[PDB]
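*Asks:* no letters, just coordinates:
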């Protein structure tokens, strides 16, 4: 689904740039970022990072609404839900 190299890889914070880099280099290998596709939209992949988002939301089961994946602004959730403390 438009997996094609996204011309919107421009990140706002270093945290978003790093996350997008490691994710689109080990899984995506395409060239996406903050333009939605398969990652930040609903797909909970099969990595530990996903399982964490699942438990951090009390078993999302289906859709991870506002937790880490379902949101084109990782830095936003990073200082909200991911802040933990």
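*Replies:* Looks like it came in fine. Numbers count the residues shown, from 1 in each chain.
*Asks:* packing partners for the longest helix seen in the chain?
*Replies:* Ranked by residue count and defined by DSSP state H, the top helix of the chain is helix 14-23. Applying 3 or more C-beta pairs under 8 Å, 6 or more residues apart in numbering; DSSP states H and E, one finds that helix 14-23 contacts helix 74-78. Yep, even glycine has a C-beta here, placed from its N, CA and C like the rest.
*Asks:* just checking, what packs against the helix it packs on?
*Replies:* Under the contact criterion of 3+ C-beta pairs under 8 Å, 6+ apart, helix 74-78 touches helix 14-23.
*Asks:* now the element after the helix it packs on, going C-ward?
*Replies:* helix 48-55 (DSSP states H and E).
*Asks:* please spell out which residues along that next one are buried.
*Replies:* Within helix 48-55, the residues that count as buried by 16 or more other C-beta atoms under 10 Å are 50, 53, 54.
*Asks:* check stretch 35-43 too.
*Replies:* Neighbour counts over stretch 35-43 (16+ other C-beta under 10 Å) mark 36, 37, 39, 40 as buried.
*Asks:* hmm, the first one is touching residue 72, no?
*Replies:* Pointing back at residue 36 there. Yes - between residue 36 and residue 72 there is a contact at 5.7 Å, judged by C-beta atoms under 8 Å.
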